[PDB]
Amino acid sequence: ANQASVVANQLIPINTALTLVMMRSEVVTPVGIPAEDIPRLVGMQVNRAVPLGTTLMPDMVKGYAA
């Protein structure tokens, strides 16, 4: 119904370490990384450029394991 995922709040350049300003929470389909995980995502690097509005998927974050 409303499992919310992490969505890019701005273009996140390749290899950027994620900061709080970059991540918003939205109910999107397909479902991505749960919005509850935004704390854990801080400081983790993205392995591809992530355009504004894209859902962050598990495979996009180096070192992400849930």
# chains A, B, ... in the order shown; residues from 1 in each chain; ligands from 1

call {"tool": "residues_around", "arguments": {"residues": "residue A:6", "least_positions_apart": "6", "cutoff": "12 Å", "atoms": "only C-alpha atoms", "output": "compact mmCIF listing (two decimals) with N, CA and C atoms, in the first residue's frame"}}
result
# COMPACT_ATOMS: atom_id res chain seq x y z
N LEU A 18 26.43 9.95 0.34
CA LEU A 18 25.08 10.45 0.56
C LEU A 18 24.94 11.34 1.79
N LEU A 20 21.98 13.87 4.15
CA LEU A 20 20.54 13.92 4.39
C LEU A 20 19.75 14.76 3.40
N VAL A 21 20.31 15.87 2.92
CA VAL A 21 19.66 16.77 1.97
C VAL A 21 19.35 16.08 0.63
N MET A 22 20.03 14.98 0.33
CA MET A 22 19.87 14.30 -0.93
C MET A 22 18.76 13.29 -0.95
N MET A 23 18.16 12.93 0.18
CA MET A 23 17.24 11.81 0.19
C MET A 23 15.86 12.19 0.67
N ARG A 24 14.81 12.05 -0.16
CA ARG A 24 13.46 12.26 0.33
C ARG A 24 12.75 10.90 0.42
N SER A 25 11.53 10.86 0.92
CA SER A 25 10.80 9.63 1.14
C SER A 25 9.52 9.74 0.34
N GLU A 26 9.23 8.71 -0.42
CA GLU A 26 8.03 8.67 -1.25
C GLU A 26 7.57 7.25 -1.50
N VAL A 27 6.27 7.12 -1.69
CA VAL A 27 5.66 5.86 -2.04
C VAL A 27 5.78 5.84 -3.56
N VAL A 28 6.68 5.00 -4.04
CA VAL A 28 6.91 4.78 -5.46
C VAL A 28 6.82 3.28 -5.79
N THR A 29 6.69 2.97 -7.09
CA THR A 29 6.62 1.60 -7.62
C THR A 29 7.59 1.52 -8.79
N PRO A 30 8.55 0.60 -8.93
CA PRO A 30 8.88 -0.44 -7.96
C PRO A 30 9.36 0.07 -6.61
N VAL A 31 9.32 -0.72 -5.56
CA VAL A 31 9.78 -0.30 -4.25
C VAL A 31 11.29 -0.37 -4.20
N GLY A 32 11.99 0.60 -3.60
CA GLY A 32 13.44 0.62 -3.48
C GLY A 32 13.90 0.43 -2.02
N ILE A 33 14.99 1.05 -1.60
CA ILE A 33 15.50 0.98 -0.25
C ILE A 33 14.45 1.63 0.64
N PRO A 34 14.01 1.03 1.76
CA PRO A 34 12.97 1.57 2.62
C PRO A 34 13.35 2.93 3.16
N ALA A 35 12.41 3.86 3.21
CA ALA A 35 12.72 5.17 3.75
C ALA A 35 13.23 5.17 5.20
N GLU A 36 12.89 4.14 6.00
CA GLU A 36 13.38 3.99 7.37
C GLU A 36 14.91 3.89 7.44
N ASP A 37 15.55 3.48 6.33
CA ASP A 37 16.98 3.34 6.25
C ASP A 37 17.76 4.57 5.90
N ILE A 38 17.17 5.76 5.68
CA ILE A 38 17.93 6.96 5.35
C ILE A 38 19.08 7.25 6.33
N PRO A 39 18.95 7.14 7.67
CA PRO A 39 20.06 7.24 8.64
C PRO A 39 21.32 6.42 8.32
N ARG A 40 21.09 5.13 8.00
CA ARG A 40 22.15 4.21 7.67
C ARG A 40 22.78 4.62 6.36
N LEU A 41 22.03 5.20 5.44
CA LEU A 41 22.60 5.59 4.15
C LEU A 41 23.59 6.73 4.18
N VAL A 42 23.48 7.61 5.16
CA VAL A 42 24.40 8.73 5.30
C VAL A 42 25.88 8.29 5.33
N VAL A 50 22.76 9.30 -9.95
CA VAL A 50 21.35 9.01 -9.69
C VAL A 50 20.60 10.29 -10.01
N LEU A 52 17.67 13.22 -10.31
CA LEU A 52 16.62 13.72 -9.44
C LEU A 52 15.34 12.90 -9.67
N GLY A 53 14.61 12.53 -8.59
CA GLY A 53 13.39 11.77 -8.72
C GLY A 53 13.60 10.25 -8.84
N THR A 54 14.83 9.70 -8.96
CA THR A 54 15.05 8.27 -9.10
C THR A 54 14.91 7.59 -7.75
N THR A 55 14.38 6.37 -7.77
CA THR A 55 14.29 5.58 -6.55
C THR A 55 15.65 4.96 -6.27
N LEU A 56 16.19 5.06 -5.05
CA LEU A 56 17.46 4.42 -4.74
C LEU A 56 17.24 2.93 -4.49
N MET A 57 17.87 2.11 -5.33
CA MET A 57 17.80 0.67 -5.25
C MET A 57 19.00 0.09 -4.48
N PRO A 58 18.92 -1.10 -3.86
CA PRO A 58 20.00 -1.70 -3.09
C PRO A 58 21.31 -1.80 -3.85
N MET A 60 22.56 0.21 -6.01
CA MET A 60 23.13 1.52 -6.33
C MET A 60 24.07 2.03 -5.25
N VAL A 61 24.05 1.43 -4.06
CA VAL A 61 24.79 1.93 -2.93
C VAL A 61 25.92 0.94 -2.57

call {"tool": "select_by_dssp", "arguments": {"residues": "chain A", "states": "helix (DSSP H, G or I)", "output": "PyMOL selection string"}}
result
chain A and resi 20-22+35-41+58-60

call {"tool": "closest_residue", "arguments": {"among": "A:19, A:66, A:10, A:59", "to": "residue A:44", "atoms": "only C-alpha atoms"}}
result
A:19

call {"tool": "select_by_dssp", "arguments": {"residues": "chain A", "states": "strand (DSSP E)", "output": "PyMOL selection string"}}
result
chain A and resi 5-8+23-26

call {"tool": "atom_distance", "arguments": {"atom1": "atom CA of residue A:64", "atom2": "atom CA of residue A:17"}}
result
12.4 Å

call {"tool": "atom_distance", "arguments": {"atom1": "atom CA of residue A:49", "atom2": "atom CA of residue A:15"}}
result
7.6 Å

call {"tool": "residues_around", "arguments": {"residues": "residue A:16", "least_positions_apart": "3", "cutoff": "6 Å", "atoms": "only C-alpha atoms", "output": "short mmCIF file (atom, residue, chain, number, x, y, z; two decimals) with N, CA and C atoms, in the first residue's frame"}}
result
data_model
loop_
_atom_site.label_atom_id
_atom_site.label_comp_id
_atom_site.auth_asym_id
_atom_site.auth_seq_id
_atom_site.Cartn_x
_atom_site.Cartn_y
_atom_site.Cartn_z
N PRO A 13 25.71 12.87 -7.98
CA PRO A 13 26.82 12.51 -8.87
C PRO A 13 27.45 11.14 -8.56
N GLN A 45 28.51 5.65 -0.38
CA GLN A 45 28.65 6.11 -1.75
C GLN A 45 27.78 5.41 -2.77
N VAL A 46 27.36 6.23 -3.71
CA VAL A 46 26.55 5.80 -4.82
C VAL A 46 27.49 5.33 -5.93
#
